[PDB]
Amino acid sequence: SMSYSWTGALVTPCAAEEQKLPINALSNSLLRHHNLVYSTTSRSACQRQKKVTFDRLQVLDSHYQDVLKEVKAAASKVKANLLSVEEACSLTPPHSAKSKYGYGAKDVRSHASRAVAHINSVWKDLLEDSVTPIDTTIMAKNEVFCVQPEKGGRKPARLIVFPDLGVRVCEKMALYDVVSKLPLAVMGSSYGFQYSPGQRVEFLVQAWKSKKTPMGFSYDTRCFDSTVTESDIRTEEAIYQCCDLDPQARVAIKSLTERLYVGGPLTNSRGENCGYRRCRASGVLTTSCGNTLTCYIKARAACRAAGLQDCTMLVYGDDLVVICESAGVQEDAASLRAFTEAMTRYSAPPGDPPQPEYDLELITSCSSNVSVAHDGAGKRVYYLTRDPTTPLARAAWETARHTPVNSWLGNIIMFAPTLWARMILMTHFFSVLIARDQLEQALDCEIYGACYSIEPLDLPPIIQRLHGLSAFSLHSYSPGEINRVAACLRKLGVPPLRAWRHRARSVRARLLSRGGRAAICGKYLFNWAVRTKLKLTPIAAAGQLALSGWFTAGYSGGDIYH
């Protein structure tokens, strides 16, 4: 069937939508080529609608069925509980889209009578009705990028589809424990979200070394969400139902599948009927879990049809990396084309055809890649990095305008060992916080989709736990990585690294003079900025922190707060 059917009504905005990066002195100090930086808006929604709309032809085979059997078998070891209303309410972010029924995120979070009354009635309705399609809102995501004329200039906005706040709370009640436990049990080491960035690196490196002659590739499915069929969404439900579940949970899961997940009507911000969805909803709790499962199932089956030898897979939502034993150059190319063919039959053809890579560093997934630096003692250290353009463009925007969720903090945490994060992002934001007297205030940032409340002053212990002490001592980065950062700076009109070094020394000093946690920031985060180096020893605070939930519970679709 058609992934979507449209009425003609436009995807409409809620409030004013700034297109171009605002001129602000502090954002300008990071990035000056403001004309290159843009936010996607509802104005480009039609362009996206065209791309995401198509017929799905799906043909399953014995390899697929074999794999699905394995998955259902593994899922049967999982025991998931219902969350209570109160528990589900606290997993709601404060910034979450308000209900159409006279309450918002703040009210959910403080268990207000009108919110709980509606949530209970929505729950009752899920148990009583299993067929009536549930209403959803369609919105155009406002995301920031840098323009690329070479690649056809401005990207069209992504479409986010979500049900009302009340339903989203009920989703947590029914499924949060399932989406938290199931993927890991089913996929084991292939489940991407379990890994901290440091662990992810170690996993990729060992997988690479475990082959006599390694070959790797990434597979990018064109419009993964549109490729997910009704039957894929029902297969997911069948898999959820393999777990040991509460009776009410089973009813609610089945209702949410048939009334919400498989499809339903799309309403714009002005209440107009936009059309109907028959594919994955971007803004539901199960999006991340479901996409990972379906991708994994299709990929694992496709590996077999492709005749790939000794396959190690890493799956994060629609992001797939496979590392395997090479059969020869021509043999590998051949098997990769057969892989693509299998995936296509499974309804998930590529955006760009996958290419074999015989060097680990060349594999790009989730827009990241492995690279090499050296630690204090000159030992080789691997770490995850990425092209800094988008992180920098967003960082500038987020300086110019207050955004409820702050991606820059996420990037500092996620890419802490990197040259660009340490020298530019850290220096910049610590100088901005100092300038605005916001150094002690907690911020909301997203990590692997989940929304977190993080104090900037806790950055050092967080980094140590996620990346190790070496993250504060890396030097002698690779020439490729330096060149990529350099090229990014030129393109965006960001000051050069040495300029940042000077600034970082000043920031460091200001931080050290405040004592306490701020001193530790100055000491550990900016040790690179001075020749006369302080001794970096393990931080006590890191030990006295529990960071486990960080690499278990994250769903981009999910509206999750920790």
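Don't overthink the numbering: it's just position in the shown sequence, from 1.
Task: Mean temperature factor over C-alpha atoms, higher-scoring stretch between 24-32 and 39-47 - done: Looking at the record's C-alpha B-factors, the answer is 39-47.
Open item on the list: If you take the mean CA temperature factor per stretch, which one wins between 477-485 and 374-382?
Closed with: Averaging CA B-factors over each stretch, the winner is 374-382.
Task: Candidate residues 298, 168, 209, 234, the one whose C-alpha B factor the record puts highest - done: So the option with the highest C-alpha B-factor is 209.
Task: C-alpha B-factor winner, where the candidates are 227, 130, 76, 326 - done: Out of 227, 130, 76, 326, the record gives the largest C-alpha B-factor to 326.
- [ ] Compare the C-alpha B factor of residue 496 with those of the other modelled residues in its chain, then answer lowest, middle or highest third.
- [x] Residue 496: CA B-factor falls in the lowest third of its chain.
Open item on the list: By the recorded C-alpha temperature factor, relative to the other modelled residues in its chain, which third is residue 151 in?
Closed with: Ranked within chain, residue 151 CA B lands in the highest tercile.
Task: Entry-reported Cα temperature factor of residue 53, expressed as the chain third it lands in - done: Ranked within chain, residue 53 CA B lands in the lowest tercile.
- [ ] Quick one: classify residue 415 as lowest, middle or highest third of the chain based on its Cα B-factor.
- [x] For residue 415, the deposited C-alpha B-factor lands in the middle third.
Task: For residue 361, the third of its chain into which the C-alpha B factor falls - done: Ranked within chain, residue 361 CA B lands in the highest tercile.
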